[PDB]
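What follows is a single structure, written as structure tokens, with notes after it.
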Amino acid sequence: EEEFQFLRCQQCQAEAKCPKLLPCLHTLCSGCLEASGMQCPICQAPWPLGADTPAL
Ligand SMILES: [Zn+2]
Ligand SMILES: [Zn+2]
């Protein structure tokens with residue numbers, strides 16, 4: 001467990017208020033979905049999948 005129970009945008013590298021699991025198995029923040037219109041920034045590199053869940 002960690003001192004904090006929150007997520008972190010893998011594309012913004014900051015606190016995610018309302019992050020979501022993109023259709024490409026990626027983790028983005030709320031603002032990213034609205035701003036990036038559900039884009040695919042994490043698709044920039046073949047990152048290791050298998051871990052993608054919402055915030056507590
Ligand atoms: Zn973001
Ligand atoms: Zn992608």
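We label chains A, B, ... in the order they appear in the structure tokens, count residues from 1 in each chain, and number ligands from 1 in the order shown.
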Contacts of residue A:44 within 12 Å, only C-alpha atoms, excl. fewer than 2 positions in-chain, as a tab-separated table (two decimals) with N, CA and C atoms, in the first residue's frame:
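After the write, out.tsv holds the following:
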chain	number	residue	atom	x	y	z
A	10	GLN	N	-0.70	8.78	-16.76
A	10	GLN	CA	0.53	8.27	-17.35
A	10	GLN	C	0.95	9.12	-18.55
A	11	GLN	N	0.17	10.16	-18.83
A	11	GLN	CA	0.46	11.05	-19.95
A	11	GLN	C	0.71	12.47	-19.46
A	24	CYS	N	-7.71	1.82	-25.46
A	24	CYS	CA	-6.44	1.23	-25.88
A	24	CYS	C	-5.67	0.67	-24.69
A	26	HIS	N	-5.11	2.23	-21.76
A	26	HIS	CA	-4.24	3.28	-21.23
A	26	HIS	C	-4.90	4.00	-20.06
A	39	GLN	N	-7.90	11.03	-26.57
A	39	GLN	CA	-6.78	10.72	-27.45
A	39	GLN	C	-6.02	9.50	-26.95
A	40	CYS	N	-4.84	9.28	-27.52
A	40	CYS	CA	-4.01	8.14	-27.13
A	40	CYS	C	-2.55	8.55	-27.00
A	41	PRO	N	-2.24	9.34	-25.96
A	41	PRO	CA	-0.88	9.81	-25.70
A	41	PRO	C	0.05	8.69	-25.26
A	42	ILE	N	-0.45	7.80	-24.41
A	42	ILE	CA	0.34	6.68	-23.92
A	42	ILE	C	0.74	5.75	-25.05
A	46	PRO	N	5.38	1.63	-26.73
A	46	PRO	CA	4.84	0.31	-26.38
A	46	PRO	C	5.05	-0.04	-24.91
A	47	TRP	N	4.33	0.65	-24.03
A	47	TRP	CA	4.44	0.42	-22.60
A	47	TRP	C	3.81	-0.92	-22.21
Write out as a ChimeraX atom specification each polymer residue (protein, DNA or RNA) that has an atom no more than 9 Å from ligand 1, with only C-alpha atoms and all ligand atoms counted. /A:8-16,19,27-33,35-36,41
Could you dump the residues just selected with C-alpha atoms as a PDB file, in the first residue's frame?
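Below you can see part-v2.pdb, which holds the result:
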ATOM      1  CA  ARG A   8      -1.624   9.421 -11.739  1.00  0.00           C
ATOM      2  CA  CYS A   9      -2.060  10.279 -15.419  1.00  0.00           C
ATOM      3  CA  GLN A  10       0.529   8.271 -17.350  1.00  0.00           C
ATOM      4  CA  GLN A  11       0.461  11.050 -19.947  1.00  0.00           C
ATOM      5  CA  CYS A  12       0.338  14.124 -17.711  1.00  0.00           C
ATOM      6  CA  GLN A  13       2.392  12.769 -14.811  1.00  0.00           C
ATOM      7  CA  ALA A  14       0.109  14.560 -12.351  1.00  0.00           C
ATOM      8  CA  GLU A  15      -2.876  14.008 -10.061  1.00  0.00           C
ATOM      9  CA  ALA A  16      -5.908  12.664 -11.925  1.00  0.00           C
ATOM     10  CA  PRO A  19      -9.075   9.339 -14.723  1.00  0.00           C
ATOM     11  CA  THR A  27      -4.591   5.461 -18.140  1.00  0.00           C
ATOM     12  CA  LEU A  28      -5.470   9.134 -18.591  1.00  0.00           C
ATOM     13  CA  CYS A  29      -6.994  11.947 -16.535  1.00  0.00           C
ATOM     14  CA  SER A  30     -10.450  13.511 -16.837  1.00  0.00           C
ATOM     15  CA  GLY A  31      -9.091  16.700 -18.373  1.00  0.00           C
ATOM     16  CA  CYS A  32      -7.215  14.501 -20.835  1.00  0.00           C
ATOM     17  CA  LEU A  33     -10.435  12.866 -22.032  1.00  0.00           C
ATOM     18  CA  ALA A  35      -9.093  18.120 -23.808  1.00  0.00           C
ATOM     19  CA  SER A  36      -7.452  15.267 -25.716  1.00  0.00           C
ATOM     20  CA  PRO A  41      -0.880   9.814 -25.699  1.00  0.00           C
TER      21      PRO A  41
END
A:18, A:23, A:7, A:2 ranked by distance to ligand 2, top pick (using only C-alpha atoms and all ligand atoms):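 Going through A:18, A:23, A:7, A:2 one by one, the smallest distance to ligand 2 is for A:23.
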Using only C-alpha atoms, which of the listed residues (A:56, A:1, A:45, A:38) sits closest to residue A:21?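 Closest candidate: A:38.
Residues of stretch 2-52 of chain A assigned to alpha helix (DSSP H) by DSSP on this structure's backbone: residues 30, 31, 32, 33, 34 and 35 of chain A.
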Could you please take those selected residues and save N, CA and C atoms as a compact mmCIF listing (two decimals), in the first residue's frame?
# COMPACT_ATOMS: atom_id res chain seq x y z
N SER A 30 -9.20 12.94 -16.35
CA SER A 30 -10.45 13.51 -16.84
C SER A 30 -10.19 14.60 -17.87
N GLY A 31 -9.41 15.61 -17.47
CA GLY A 31 -9.09 16.70 -18.37
C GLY A 31 -8.50 16.22 -19.68
N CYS A 32 -7.83 15.07 -19.64
CA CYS A 32 -7.21 14.50 -20.83
C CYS A 32 -8.27 13.96 -21.79
N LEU A 33 -9.35 13.42 -21.23
CA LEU A 33 -10.43 12.87 -22.03
C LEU A 33 -11.21 13.97 -22.74
N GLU A 34 -11.43 15.08 -22.03
CA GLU A 34 -12.15 16.21 -22.60
C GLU A 34 -11.25 17.03 -23.51
N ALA A 35 -10.05 17.34 -23.03
CA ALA A 35 -9.09 18.12 -23.81
C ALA A 35 -8.55 17.31 -24.98
